[PDB]
Amino acid sequence: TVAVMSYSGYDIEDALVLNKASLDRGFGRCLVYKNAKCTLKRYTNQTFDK
Amino acid sequence: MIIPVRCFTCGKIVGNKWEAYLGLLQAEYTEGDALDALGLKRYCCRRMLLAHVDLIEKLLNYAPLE
Amino acid sequence: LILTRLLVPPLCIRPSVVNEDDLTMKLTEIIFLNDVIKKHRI
Amino acid sequence: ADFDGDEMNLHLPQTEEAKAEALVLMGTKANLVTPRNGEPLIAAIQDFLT
Amino acid sequence: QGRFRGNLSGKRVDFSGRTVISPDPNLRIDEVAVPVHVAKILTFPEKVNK
Amino acid sequence: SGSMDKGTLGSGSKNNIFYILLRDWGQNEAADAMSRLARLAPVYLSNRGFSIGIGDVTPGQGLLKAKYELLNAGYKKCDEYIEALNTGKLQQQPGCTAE
Amino acid sequence: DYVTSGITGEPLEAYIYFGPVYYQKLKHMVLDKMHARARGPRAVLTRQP
Amino acid sequence: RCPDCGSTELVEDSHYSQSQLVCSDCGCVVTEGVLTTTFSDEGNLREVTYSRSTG
Amino acid sequence: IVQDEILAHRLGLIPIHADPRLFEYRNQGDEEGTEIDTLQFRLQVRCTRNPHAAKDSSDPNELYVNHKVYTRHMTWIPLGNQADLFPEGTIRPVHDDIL
Amino acid sequence: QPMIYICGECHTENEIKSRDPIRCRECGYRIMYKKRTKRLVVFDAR
Ligand SMILES: [Mg+2]
Ligand SMILES: [Zn+2]
Ligand SMILES: [Zn+2]
Ligand SMILES: [Zn+2]
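Chains as they are written, first to last, in the authors' numbering: chain A, 740 to 789; chain B, 1 to 66; chain C, 250 to 267, 275 to 298; chain D, 498 to 547; chain E, 349 to 398; chain F, 647 to 745; chain G, 987 to 1035; chain H, 6 to 60; chain I, 100 to 198; chain J, 13 to 58.
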């Protein structure tokens, strides 16, 4: 729900104002997923990681 | 994924409207008549149900089950 | 102005893994060719 | 700068001499006019003109 | 990437930070707002005296 | 008298009021006045209200008639020039050949 | 639309253009870009950060 | 062993970006700073089998 | 399928039917709380296949039982002497339909 | 006592506790997932 107006002067050069309560009600919520991995391998000599 | 509980803009409870909305649509209503029947007046609230995509139904088909 | 010796640069300006830096490869191939020509002329 | 996702760097001088030189020669208040022809650069901007 | 262009004439320094920028018209024209997180990392060595 | 605009507040040129302050009374006065303006203008404007809408860009009525007449006149004139050229009647402007 | 101010409680002096627009959030976030260095590892060939 | 208090409770620890070896009982710093190769040379790595490197 | 953080956020927004004029603000720390400044609910549901399902194997409302978690599965857990002061049925979620 | 990995296809509990190569006990699948933790975790509903 956008309103096109000048307000508070914290929106001068393409910055924009966001309503706090909408953010508290789930507006713009997001999830970030990241992955890590490891390998255990057997060497030529009969020895291995553990 | 799943219907949000409260309308973002004004804080009205819309989380309990999804099943009723689908039922009224199933009765050959139109979206306007269904939304007015449920009592959602402010257009900041009608978009909460008119523009929802129910991904949980499709996601659960890939979920593990016995 | 005509060269007959070369200073091999110190280790610190050519780290352990470039495994080793290419200047080391050039130096080793030069010395290899030197040994080849020496023994072959003899 | 225009606040469309831009980034800026920042340095912290580690000496009293550097501090004094930065403050006296690079101060913002001492650089209100550009040296090309002596015209102001730091003045009001959009939405302060309106 | 040679020595003269890349290393001697311009080089990397420490005690410096980078971040996005945003507006704040409640400051003077000679102040900048620094996050508390970055204030805790950069350090200035003060000599002790009377 | 007058009303303030880019030529008297903006970073264009001299006659800027902050420039006058800087040159006649010092750096501190200009730096103070800039912050005073930056704090005062938003309080007025954000409570007065100022917006742009589609109504501000919809064309008027008489503009449509004027544009229609202008388009017709220009197209007709162009057609007569091309007519003059293709039959050779066109007078060659004394700076270049006909094209 | 006729709009009433929320700080002063008094009507505004111009009708405000109001309505819904589709907004999308890009992948760039400030939390992933804040970075600062005081002292740390240095290269081997040239002892620079 | 910590040269200042002689205790053996040395712990390897890094501050925000600075790696160091700190006596966990008196706060002394015994060794700080590391020198590590970067990507600019990471792209150039070759291989020589040691058997080859040994003749 | 719902993540823990999203699920907790969703549970945060459910209005409760207690009277806030009979409780005090919880002091800083003391996460345990006590009977004078907290309420407790317990949610516990498990989904299982319906033993009496027909062969249609097509309607989710018949294949499974407790496949939808509504807000009516939350049970008030009295704490301290609250069981006497608040008569049965006064402490509950307001709406009872929220999915 | 031995630890349980859930098979990725039939979801039958399997115990390995050895260097035995990964493979399900009932089906042929070769992917396993750890069970959820038993400790409780506290979240803020904000
Ligand atoms: Mg930009
Ligand atoms: Zn609403
Ligand atoms: Zn010590
Ligand atoms: Zn299996």
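We put the CB at the ideal spot given by N, CA and C, even for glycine.
- With fewer than 16 neighbouring CB atoms inside 10 Å of its own CB, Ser265 (chain C) falls in the exposed class.
- For the region 360-375 of chain E, the set of positions with a beta-carbon nearer than 8 Å to some beta-carbon of chain D reads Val361, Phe363, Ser364, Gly365, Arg366, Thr367, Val368, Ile369, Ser370, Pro371 in chain order.
- In the displayed model, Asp183 (chain I) falls within a helix according to three-state DSSP.
- Using a CB distance cut-off of 8 Å, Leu691 (chain F) counts as an interface residue toward chain A.
- Under the three-state reduction of DSSP output, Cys769 (chain A) falls in the coil class, being neither helix nor strand.
- Straight-line measurement puts the Cα of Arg6 (chain B) at about 10 Å from the Cα of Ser761 (chain A).
- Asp158 (chain I) has a beta carbon lying at 8 Å or more from every beta carbon in chain B.
- Short note on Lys41 (chain B): C-beta not closer than 7 Å to any heavy atom of ligand 2.
- Here the region 364-375 of chain E makes contact with the region 504-515 of chain D; the two share three or more CB pairs at distances below 8 Å.
- Relative to ligand 1, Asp750 (chain A) has its C-beta separated by 7 Å or more from all heavy atoms.
- The continuous alpha helix (DSSP H) containing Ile286 (chain C) extends over residues 278-297.
- Here DSSP, grouped into helix, strand and coil, assigns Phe664 (chain F) to helix.
- Following the DSSP letters along the chain, one finds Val384 (chain E) inside the alpha helix (DSSP H) bounded by residues 384-387.
- Residue contact check for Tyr988 (chain G) against chain A: no CB pair falls below 8 Å.
- Under the DSSP definition of a beta bridge, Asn26 (chain J) partners with J:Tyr17.
- Pairing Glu675 (chain F) with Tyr665 (chain F), the inter-Cα distance amounts to about 10 Å.
- With a 10 Å radius around the Cβ and a threshold of 16 neighbouring Cβ atoms, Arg46 (chain B) comes out buried.
- Judged by their CB atoms, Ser657 (chain F) and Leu546 (chain D) are not nearer to each other than the 8 Å cut-off.
- For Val756 (chain A), there are no C-beta contacts with chain F under 7 Å, since the nearest C-beta of that chain is about 10 Å from it.
- The Cβ-Cβ distance between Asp103 (chain I) and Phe122 (chain I) does not fall below 8 Å.
- With a cutoff of 7 Å, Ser12 (chain H) counts as near ligand 3, since its C-beta is closer than that to a heavy atom of the ligand.
- Listed by position along chain I, the residues whose Cβ is nearer than 8 Å to that of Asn16 (chain B) are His194, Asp196, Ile197, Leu198.
- Using a Cβ-Cβ distance cut-off of 8 Å, the region 16-25 of chain J and the region 140-159 of chain I are not in contact, since fewer than three pairs of beta carbons, one from each stretch, lie closer than that value.
- By the Cβ-count criterion, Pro688 (chain F) is buried, with 16 or more other Cβ atoms from all chains shown falling within 10 Å of its own Cβ.
- For the region 740-773 of chain A, residues whose beta-carbon sits nearer than 8 Å to a beta-carbon of chain E comprise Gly748, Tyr749, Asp750, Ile751, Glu752, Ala754.
- Using a Cβ distance threshold of 8 Å, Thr174 (chain I) and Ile197 (chain I) do not count as a contacting pair.
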